[PDB]
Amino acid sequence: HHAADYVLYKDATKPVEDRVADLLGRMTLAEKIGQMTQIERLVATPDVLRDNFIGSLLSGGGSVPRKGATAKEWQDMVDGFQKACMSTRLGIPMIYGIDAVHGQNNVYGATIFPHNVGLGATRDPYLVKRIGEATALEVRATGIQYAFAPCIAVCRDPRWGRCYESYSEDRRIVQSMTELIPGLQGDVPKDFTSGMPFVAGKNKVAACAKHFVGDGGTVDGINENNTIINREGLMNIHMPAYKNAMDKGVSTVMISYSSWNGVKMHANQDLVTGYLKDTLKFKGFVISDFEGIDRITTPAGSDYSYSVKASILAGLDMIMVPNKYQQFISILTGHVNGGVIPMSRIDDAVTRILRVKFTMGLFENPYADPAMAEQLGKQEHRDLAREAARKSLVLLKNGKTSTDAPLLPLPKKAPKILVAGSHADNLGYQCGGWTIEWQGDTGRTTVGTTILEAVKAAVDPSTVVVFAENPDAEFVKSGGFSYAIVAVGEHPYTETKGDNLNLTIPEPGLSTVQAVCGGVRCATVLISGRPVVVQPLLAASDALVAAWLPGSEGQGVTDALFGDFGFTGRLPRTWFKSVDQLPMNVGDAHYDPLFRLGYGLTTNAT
């Protein structure tokens, strides 16, 4: 279709499938295996990307060009990698992935949204769609085209360190929140075939339903462990939201480190090929988790030849190596050369990877748009995060007796008020894991508003606000305070570091609540990724709010505390009486919760 040097796959007017087949037909084995290889930016250089025909890069948690990097710095980094990839013989652009799981959270100045558990509390799928829309803009602000989200785990045991990444223990809630996908990617057209990948264009990103499948069902909530459940239970609890994701055109699916009845997901042909590809008709690409294939074996990485064979034969398309690319490429090349892995399997993997790239417009817009840089941390997106934080809050108690005056909403005008606790003025703590660093961090790690700052921004000018992180009982009794807001809870964590068999918040937390509430009426704001042992906190407190991990916009908390809006959040998980009960989920035979799934007190706006 026209000039003498015409190349069909480079023609933007041609159908995606024709472009895919045209390109695939021209590729060497090296070029094919290259597409299947995703590497960390930490090991990438122009020569590496060119010489190995690399298909993808990622930033893992905390993998950044430098701390405090601007959006333009990120764009320049990604574009530098892309220029190298576009200089190959075939000029196949790389796709760059990142964990943008509650905003573009590795990036300084990015809006940080509430984590998924709090979003489940909102029961507001359209809110979550809007969060996806805002997240896509902030990801593209940094030049990145691919977000490793949503996590559609159905966390069945809050001892899991990733429970906060699950919208709910109830698969119906998780299904509803798959609206994140068309937020990130754009809405699919009316005609759309379930299982096809979709991204609308350069202002949207590819999404990733993860981690397939049963990541939330592991024994005792042990991260990456074994999910022991029959097929009926897997299909009833852990699988449904993957079908919703297919219906919404999710572009990629990431495989879980976990096992199902002792079979590693990264080696499970029956589920990856038989079910996801052949039954759900998924036509996007399947990606490993980080060193996921290494962890097929015990010890991890002890037979990488086997890891490569098992994973590629199981049906994975792209391997998040992410560091030992030469070994990966060498081993896979050897397996193909030896007939151990057929060319049909390689061609399928590359077909899927190319399909996603062509579909999303990556060949037409391989480089960043400098005009998008200003999307990062945009006030409109912060306003959305503030709305989400407020809606996520679950009011658990509002008065010690049925006859007391309800404490909340608090008055904005009072002579003197106390703000206290380890979590009252700690932005990193209110964001939790996957914020700037992989595991999160403490203190003023990004741009945002702490609970203390939010209180100061909310109150009447005549109201004196005193901050004391851990005041003693005498300080409070002598202080002349009208009331106190005390914020405590969990420290940031991610993945296995968050696995926790006791679910008791660190001290000082309870001691501070007891000291404060003993001296003045108190509203306790509990920051956590999950239900934690709460009876002692409740006993001390006049009012108590489960605020989850609300993100950068602390004013969402004060919007409800001071009555600008009513409390509306409802528990998206069971609140247990004790950890000895676990696992214990809504619908179980011997269900004995402290607060049932769906529980939440309300207030009316002042």
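Heads up: residue numbers just count along the shown sequence, starting at 1.
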- Query: Is the mean CA B factor in the deposited entry higher across 354-362 or across 226-234?
  - Reply: 226-234
- Message: Mean Cα B factor from the PDB record: higher for 185-193, or higher for 262-270?
- Response: 185-193
- Item | Largest Cα B-factor, entry values, listed residues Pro240, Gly421, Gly161, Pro93 | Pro240
- With respect to the C-alpha temperature factors reported in the PDB entry, which of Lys309, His211, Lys391, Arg140 ranks highest? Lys309
- Comparing against every modelled residue in the chain, figure out the third that the C-alpha B-factor of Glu387 lands in (lowest, middle or highest). lowest
- Third of the chain, ranked by Cα B-factor, where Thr494 sits: middle
- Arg295, C-alpha B-factor rank within chain (lowest, middle or highest third): highest
- Note on the structure: Tertile call for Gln581 (CA temperature factor, within chain, third-based) is the highest
- Lowest, middle or highest third of the chain for the C-alpha temperature factor of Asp472? highest
